[PDB]
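Heads up, the thing below is written out as structure tokens.
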Amino acid sequence: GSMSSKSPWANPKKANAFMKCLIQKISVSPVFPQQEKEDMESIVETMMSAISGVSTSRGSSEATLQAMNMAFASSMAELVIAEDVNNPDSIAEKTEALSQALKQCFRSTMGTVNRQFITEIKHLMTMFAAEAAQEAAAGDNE
């Protein structure tokens, strides 16, 4: 909103709602296969496990905020890499859906249209996928 506290992963309570919001959108599987849902479910449990590992409930750290934020993007990026190499067309549709999901999820949580996280996530996702794709292309050379 006009004035809102920037507590993305800082507050697990809102983090859970934010994550579930994005997770459920993906779980809809309108274009992506339900196979990814099972992997995603494992990722969600792992991310929650990681949070538990970081702290039982009370505790915070800059390392955690950055590592977990990067970790969420990295896990999605890994899924993106597989889809990108196998079929980049899917990525275009998938990113459009994700863009919509991010906008709706952020507005439904923090209610802030900051695209700093979106830009960072997209940048890392594109950078990681691009690098991976180049490696995949190099591996599958002629």
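No value in this document is a laboratory result; all are computed from the given coordinates. Positions of Cβ are backbone-derived with ideal geometry, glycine not excepted, and every protein chain shown enters the neighbour counts.
Observations
- The range 109-124: number of residues that are touching a residue at least 60 places away in the same chain (Cβ under 8 Å) and either touching a helix residue (DSSP H, G or I) at 6+ places or on another chain (Cβ under 6 Å) or not polar (S, T, N, Q) (or both): 4
- Remark: pairs (first residue in the range 74-95, in contact (Cβ under 8 Å) with a residue 60 or more places away in the chain; second residue in a helix (DSSP H, G or I) and not hydrophobic (A, V, I, L, M, F, W, C); Cβ separation under 8 Å; 6+ apart in sequence or on different chains) = 94/83.
- Entry remark, the range 1-14: residues being among the aliphatic types (A, V, I, L, M), free of Cβ contacts under 8 Å to residues at least 12 places away in the same chain and surrounded by 11 or more Cβ atoms within 10 Å (Cβ to Cβ) number 0 in total.
- The range 28-42, subset in contact (Cβ under 8 Å) with a residue 12 or more places away in the chain and surrounded by fewer than 16 Cβ atoms within 10 Å (Cβ to Cβ), residue nearest to the chain's Cα centre (by Cα): 39
- Candidates are the residues of the range 43-60 that are among the hydrophobic types (A, V, I, L, M, F, W, C) and farther than 21 Å from residue 110 by Cα; the one that is surrounded by the most Cβ atoms within 10 Å (Cβ to Cβ) is 43.
- Taken over the range 1-15, the criterion of being more than 21 Å from residue 100 (Cβ to Cβ) and either touching a helix residue (DSSP H, G or I) at 6+ places or on another chain (Cβ under 9 Å) or basic (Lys, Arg) (or both) is satisfied by 6, 7, 9, 10, 12, 13.
- Scanning the range 61-72 for residues that are hydroxyl-bearing (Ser, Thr, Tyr) and loosely packed, with under 14 Cβ neighbours inside 10 Å yields a single hit, 61.
- Filtering the range 83-127 to residues that are more than 19 Å from residue 36 (Cα to Cα) and surrounded by 15 or more Cβ atoms within 10 Å (Cβ to Cβ) leaves 105, 106, 109, 110, 112, 117, 118, 121, 122, 124, 126.
- The single residue among 101, 132 that is touching a helix residue (DSSP H, G or I) at 6+ places or on another chain (Cβ under 7 Å), in contact (Cβ under 8 Å) with a residue 60 or more places away in the chain, farther than 21 Å from residue 66 by Cβ and of a type in the set (A, V, I, L, M) turns out to be 101.
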